[PDB]
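Each ligand, and each atom within it, is numbered from 1 in the order the structure gives. We count residues from 1, following the sequence as given.
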Amino acid sequence: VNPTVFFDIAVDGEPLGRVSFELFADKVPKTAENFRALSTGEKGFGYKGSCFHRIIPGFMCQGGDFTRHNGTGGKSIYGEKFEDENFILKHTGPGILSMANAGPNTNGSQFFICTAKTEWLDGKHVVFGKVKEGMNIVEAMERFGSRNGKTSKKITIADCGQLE
Ligand SMILES: CC(C)[C@@H]1NC(=O)CCCC/C=C/C=C/CCOC(=O)[C@@H]2CCCN(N2)C(=O)[C@H](Cc2cccc(O)c2)NC1=O
């Protein structure tokens, strides 16, 4: 009933490991579906081959700009940015998957993975999933970030899809 999807993470093209996510389709169906479909690539576009453009150790890893690859782009499966679905789920700790945005109701494809409890994001960013397996891989990804977020190596989603 709740999809599981995975990313295979690579560092400058070399496999690091697999991160899998439970998507909370029972609580945020529209936001979950967006990420799910972009993870399978089923519409002809999505996350495969894209990079994590901003990694800030102790805070979060942000990705999802598969159109411009620099953090300015990305697009939802809905033909336009979409509304903040709800704010039921909170940023409770490491592993929380949540939507990046440019203000209220501007969800696209960019998302972030928390690497700490970030409760100050509640009510601003829509939480729609959590890491299930491979949190250690997300932690390792932090090695390649910095205080301002620029990455020291290219951190990419070499492959991704749905497991369940
Ligand atoms: C999706 C994309 C088109 C979007 N871009 C625009 O709004 C234009 C200007 C961005 C300025 C960038 C600031 C970066 C600051 C570094 C620390 O915080 C971040 O990395 C945040 C973490 C939550 C997810 N997120 N970026 C975003 O959603 C950020 C906005 C943000 C910044 C800081 C705190 C915060 O809660 C939210 N938005 C974006 O990245």
Taking atom types as modelled, find out whether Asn101 and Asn107 have a side-chain donor-acceptor pair closer than 3.5 angstrom. no

Do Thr92 and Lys117 have side-chain atoms, one donor and one acceptor, less than 3.5 Å apart? no

Show me the pairs that pass ring pair (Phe, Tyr, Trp, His ring centres under 6.0 Å) and involve residues 113-137, at least two apart or across chains. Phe35-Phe128, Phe112-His125

Would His91 and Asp122 satisfy side-chain hydrogen bond (donor to acceptor under 3.5 Å, both in side chains), going step by step from the backbone distance to the final call? CA-CA 6 Å; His91 299 78; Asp122 295 343; 2.8 Å; yes

Report yes if the distance between the aromatic ring centroids of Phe144 and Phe52 is under 6.0 Å, otherwise no. no

For ligand 1, what are the residues with a heavy-atom contact below 4.0 Å? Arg54, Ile56, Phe59, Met60, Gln62, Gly71, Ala100, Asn101, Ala102, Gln110, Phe112, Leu121, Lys124, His125

Ring geometry between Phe111 and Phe7 (parallel below 30°, tilted from 30 to 60°, perpendicular above 60°): tilted

